Q: 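There's a structure below that I have some questions on.
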Amino acid sequence: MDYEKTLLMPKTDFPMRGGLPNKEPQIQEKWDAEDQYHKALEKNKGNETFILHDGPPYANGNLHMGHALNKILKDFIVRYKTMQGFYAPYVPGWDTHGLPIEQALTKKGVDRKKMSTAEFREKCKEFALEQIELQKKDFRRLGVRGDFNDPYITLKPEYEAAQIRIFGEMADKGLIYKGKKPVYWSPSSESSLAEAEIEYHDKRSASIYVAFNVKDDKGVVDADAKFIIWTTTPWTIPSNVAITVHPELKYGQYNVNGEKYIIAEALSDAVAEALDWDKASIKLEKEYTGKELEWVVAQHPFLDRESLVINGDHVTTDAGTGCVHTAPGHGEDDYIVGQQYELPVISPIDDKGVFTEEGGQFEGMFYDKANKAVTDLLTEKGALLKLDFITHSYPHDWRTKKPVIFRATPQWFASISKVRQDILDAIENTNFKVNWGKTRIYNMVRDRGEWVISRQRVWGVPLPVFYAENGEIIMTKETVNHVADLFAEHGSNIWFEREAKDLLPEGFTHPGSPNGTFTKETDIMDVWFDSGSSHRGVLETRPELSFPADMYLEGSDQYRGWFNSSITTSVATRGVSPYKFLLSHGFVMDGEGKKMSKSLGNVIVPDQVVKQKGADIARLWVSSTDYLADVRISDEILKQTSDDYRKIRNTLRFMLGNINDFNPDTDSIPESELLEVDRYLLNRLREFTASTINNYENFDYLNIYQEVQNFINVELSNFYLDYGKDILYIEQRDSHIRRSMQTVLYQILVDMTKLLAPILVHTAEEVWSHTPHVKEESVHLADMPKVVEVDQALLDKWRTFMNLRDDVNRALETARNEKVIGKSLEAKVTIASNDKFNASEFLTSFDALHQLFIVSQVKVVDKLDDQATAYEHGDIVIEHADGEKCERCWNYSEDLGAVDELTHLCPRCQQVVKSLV
RNA sequence: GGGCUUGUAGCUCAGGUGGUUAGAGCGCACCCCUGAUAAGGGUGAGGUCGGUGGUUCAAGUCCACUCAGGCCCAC
Ligand SMILES: C/C(=C\C(=O)OCCCCCCCCC(=O)O)C[C@@H]1OC[C@H](C[C@@H]2O[C@H]2[C@@H](C)[C@H](C)O)[C@@H](O)[C@H]1O
Ligand SMILES: [K+]
Ligand SMILES: [Mg+2]
Ligand SMILES: [Mg+2]
Ligand SMILES: [Mg+2]
Ligand SMILES: [Mg+2]
Ligand SMILES: [Mg+2]
Ligand SMILES: [Mg+2]
Ligand SMILES: [Mg+2]
Ligand SMILES: [Mg+2]
Ligand SMILES: [Mg+2]
Ligand SMILES: [Mg+2]
Ligand SMILES: [Zn+2]
Ligand SMILES: [Zn+2]
C-alpha cells in the first residue's frame, strides 16, 4: 500500500512564488478600506508620541529612487514605533510653489501674458494638485502608511498664513530688511532672469587693460606704482569700486620701466607676456605682499574722485590677470566681498540697455556700442591700454538669443548674521546618528552669507509688505498679521486679486500718503522659505502633531536645503531646533557607485521595481543598504534582493504548513516540558529577537537584513526545519514530541513575521492571513514580541554541539563521495573523545543523536583505533547503517514489521500507524 | 579650489584600544535527495583589504600623499 497517506505533510495555500505585483495592490486596497492609518493611531491613543516630520517633496515630475529610499526608511521608523505602542502620526506633505512649475505650464503652452496673474496662478495650482495625485499614487504603491488622504500642502490657506506669521515675527525681531543685489538682466525682455532662462552663446567683447595709478598716500605704503586693470566690459568701468587680493598669496613685482606696477606669482609669466612688454624681460625687485595690501587707498583716474580699496578674496588667480577691480553694480561675488565696507552702489541703466545718471556723454544710448567706441574715449589716454577683440561664451536670453548683463535690483534679505550664533547653539544641542552630520550643517550655518528671500515671480507666497508714498516700508505686526488673517481665510490669491487698501486693516492710516493711498510689494518668497516653515504650518497647526519633531529624515542635499531653512526659521522665531534628532541618508547610485544618468542607461526607477518585482522587494533592498552613505542599485543587486526574498518567503511557507493543525490555545507544550533541542531554538529566537529590536532602536536595518538571513538559512532551513521532518511528518499528530516542536515553530513563525512587518509589509500581512489563531487582524496592528533574557549556557552548549555537527557532516561528506552512503539516513555514526575534544562525555547530555544528525544510528564509544579520522570535536567513523529501510520514515531498522497491508515499518512507525486505522 | 563623505572576496555587509593562515549570508562549483519539488541537504573554491610611501618588531586598523567616486558650494 501507500505510506505517504499515513504521513503528516505540510498544508497551506500560501504560495511559494510571491506574485507581488498582483497581490500587493489587493492588500493595500484592504488596508485603506479598513482605514488602518487612523486605526493604528487610535490603537496607541494615549501613549507616548513619536513625531517624524515629512520634508515636502516637490509637486512636479516622477518619483525617483531617492523618494523611494527616503519614504521607505520613514515608514520603517513609524511602523516600528507604532508597533511599540507609540502614537506616531505620519503626515506627508507637498511643496507646490516655485519657478519649475511656472515653467512646466509655460512649456505646456499656457502663456502668462494672455490671462493675468490670478488666472495663471490658478493654472499653477491645478497643475500642482494633478502632480500630487500621481505622486501620492506611487508613494502608496510602496506600501507606505501615512495621512495620504489629508496631506499638508504649501498652497493651503492655513499653511500660507503660518508662513506669513513667520515672516512677521522675523521682521519684528529686526531680521528682515530691504537692500539690493546684482541679477541677470535682459534688456531685450526688460526683465530679470533666473539661470533657467539663460543659455550661452559666443559674443564679441572688446577686452582692454586700464592700468590705474596709486596716488593718495594712505596707499603709498609701498611706492606709487600703479595698479593695472582688465575688464571685458567697457561699461563696467564707470563703477569705481575697490580692487582685489587673495589673502596668503602675495607678490607685487615692481619691475623696471613703465611704472613698476603689480602682477603676481603664478601670474607674472602669463601676464606681461601679453602686455606686449618684454624690454629685456626686466627682472623684478621689491614685490610687496599681495594679501596684506588692504586699504591701499588708490585713486582710479578716468575721471574718478574716490580711491578703491582691497579686501580678502575667494577665487581670483588664473589666466585672468592678477588685476581684477570691482564694481558691485554689476557683479555676483563682486558684490559680496564688495559691500562689507562703505561702498556706494554703482551704475544706472533702466529695464532697457539705456542709462542716465553719472553717464557722461552717454546719457541715453545703450550698454553696447556706447562702449566699444564711445566709452573707449576714457582708456589708454592716461591708463595705458590695449583695445582687443576676443570671443568667449557669454550669458544670453534663451528666448531672444540676445545678451544678458548684471544689474543691481532691490531684493529682500533675512539676517542670518544676527541669528547665526543662535542657530549654531541649537545645532550643538541637536542629536545626530553620526557626528559628521553635526559638523556639516554647523560649518554650513557658520560660513553662510545673508539669505535672499525674494523672487520677482508670481507663483508663491507674497511678501506681506505695503508701501506708503512719501518713503515706503509698512511692515508692522498689525499689517502682517491682518494679511495672515486674510490668507488663512482666502489663501495667497487674495493678494493678487485685491488692491492695497483692501489688504490693509480697519481703514488703516499712516503718516505717509496724506491721501490714505497705499502701494503693495509684488515679490514672492523663495520656496526654501515655504518648506522651511513647515514646522509652523504643520507641526504647530495640526492637532495630531507637536512642534518639536522627534526627527527630520532626508537626503544629504538637505543640509543646505530643508534642514537649513527649517532650523534657521525655527530658531529665529522659536529659539529652538524644529527637530530633536537629525538623520540623513545618501543618494542612490548605480552598481558602480556612479550617478544614474539616462545617456548611460543605468537609471532604474521606483515604478519599475514595483511593477516588475514588487514593493516588498524595493523595501528589502532599502533595508540592505548602508544608507548613511550613498547606496547602490542595479539589476544584479536586485536579483540578489529577489533571491533573499524568495528564501525568507519559502522558509515562512514551510513553517506555516507545519503548524496548520496546531492550536496554540490547546496543544502547546509548557517550556519546562519541551525537548531540549526545542528549548534551544526557543532561545535562539529570543536572542534574535533581542538583537533585532536593538537594531530597530538604532535605525540599523542593514544589521537586520544580515541577521534575518543567517537566522533563516542556518538555524532554521539548514538545521531545525530539516531535522524536524523526521518528527513533524512521522510522529503521531498529537504526540508530545511533535507538539513540542510545533509549540516553538509557531512562536518563531508569529514573532518573526511581526519582527519583519515594518519591512516586508505585504508579505508579513499575507503570512499573518495564513496563520491560525492569531488574535488581531493585520500584523501591522499587533505589538512587537517582548524582549526576554536568553539562557546563555544552553546557547554555548548547543553552539558547541553545532560545531560538532559540522565535523560529522564533513565525515558524512567524505563517506558520501565514496558512495558508501547516499542520503545521511543510510549512515551509522560512531564517534569518540579525542585529544582535542571529550566527545564521549559531551555527547552524553543529548537525546536522539540519530535524529539530530539526520542519520539512522549514532554510537558513542569512548575510543577508536587508528582507522577513525580525527576532528576538532573527536574521532569519527562512518559506515552504512544497519538493518533495512523503513518504507515510512526512511530510517534504517533491524526490526521492520508489517501493520496490515503496510510492510517494512520500523517499531516506531508501526505504533504511529496502529494509532491511525 | 572649499566643507562633509565613500572605496574589504562575484553581490550586500562584519572586522573595539594595530598582533597567528581577514569573517558572514547570498551567489557560484561539485555532490546528495526527490515526502517543502519553478523546493530541500551537504562539501568546496573565491578577497591581502583602491594605489604608493611611511610610523612600528608588527597595520585592513595609525600618518602622509595619491586615484576613482558622492552631496553641496566656489563656478
Ligand atoms: C536621495 C536623493 C536623491 C537621489 O538619490 O537621486 C536619485 C537619482 C535621480 C534619478 C536620475 C534621473 C536621470 C537624470 C539625468 O539624466 O541626469 C534626495 C532626496 O530625495 C528624496 C526627498 C525629496 C524632496 O523634495 C525634497 C525636500 C526635502 C525639500 C523640501 O525640497 C528628499 O529626502 C531629498 O533629500
Ligand atoms: K528531496
Ligand atoms: Mg552594519
Ligand atoms: Mg542555504
Ligand atoms: Mg571592492
Ligand atoms: Mg564590494
Ligand atoms: Mg561598511
Ligand atoms: Mg559558500
Ligand atoms: Mg594590493
Ligand atoms: Mg609597510
Ligand atoms: Mg623600521
Ligand atoms: Mg583590529
Ligand atoms: Zn550660439
Ligand atoms: Zn519508520
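Computation of the quantities below employed the complete heavy-atom set of this structure, encompassing side-chain atoms and omitting hydrogens, waters and symmetry-equivalent molecules. A, B, ... follow the sequence lines: proteins, then strands. Residue 1 opens every chain.
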Q: Is A:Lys828 close enough and on-axis enough to A:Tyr892, meaning under 6.0 Å and within 45°, for cation-pi?
A: no
Q: Using atom names, set out every protein N or O paired with an N or O of nucleotides 34-37 of chain B below 3.5 Å, distance rounded to 0.1 Å.
A:
unit_1: B:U34; atom_1: OP1; unit_2: A:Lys823; atom_2: NZ; d: 3.1
unit_1: B:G35; atom_1: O6; unit_2: A:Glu887; atom_2: O; d: 3.4
unit_1: B:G35; atom_1: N1; unit_2: A:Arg888; atom_2: O; d: 2.6
unit_1: B:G35; atom_1: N2; unit_2: A:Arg888; atom_2: O; d: 3.0
unit_1: B:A36; atom_1: OP2; unit_2: A:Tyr729; atom_2: OH; d: 2.7
unit_1: B:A36; atom_1: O2'; unit_2: A:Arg653; atom_2: NH1; d: 3.4
unit_1: B:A36; atom_1: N7; unit_2: A:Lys725; atom_2: NZ; d: 3.1
unit_1: B:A36; atom_1: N6; unit_2: A:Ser717; atom_2: OG; d: 3.3
unit_1: B:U37; atom_1: OP1; unit_2: A:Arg653; atom_2: NH1; d: 3.0

Q: Would you say A:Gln340 has more than 12 foreign heavy atoms packed within less than 6.0 Å of its CD?
A: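 Enclosed: over 12 neighbouring heavy atoms sit under 6.0 Å from CD of A:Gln340.
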Q: Just checking A:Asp626: base, sugar-phosphate only, or nothing, at a heavy-atom cut-off of under 4.0 Å?
A: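 A:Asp626: backbone/sugar contact only, no base atoms under 4.0 Å.
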Q: Can we call the ring centroids of A:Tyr394 and A:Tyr200 under 6.0 Å apart?
A: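 Ring centres of A:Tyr200 and A:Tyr394 not closer than 6.0 Å.
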Q: Ring centres of A:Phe699 and A:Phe581 under 6.0 Å apart?
A: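 That pair passes the under 6.0 Å test.
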Q: Using 30° and 60° as the class boundaries, would you call the ring planes of A:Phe14 and A:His770 parallel, tilted or perpendicular?
A: perpendicular
Q: Any donor-acceptor pair, under 3.5 Å, between the side chain of A:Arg560 and the base of B:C71, if you only look at N and O atoms?
A: no
Q: Keeping A:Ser584 on the side-chain end and A:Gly555 on the backbone end, is there a donor-acceptor pair under 3.5 Å?
A: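 Not at all, since once roles are kept as given, no pair shorter than 3.5 Å links the two residues.
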Q: Would you say the side chain of A:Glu636 and the base of B:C11 hold a donor-acceptor pair, judged only by whether the two atoms sit under 3.5 Å apart?
A: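 Donor-acceptor pair under 3.5 Å: no.
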Q: For B:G7 and B:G50, measure between their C1' atoms and round to the nearest Å.
A: 6 Å
Q: Within the 4.0 Å heavy-atom criterion, would you say A:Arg17 contacts the bases, only the backbone, or no part of the nucleic acid?
A: base
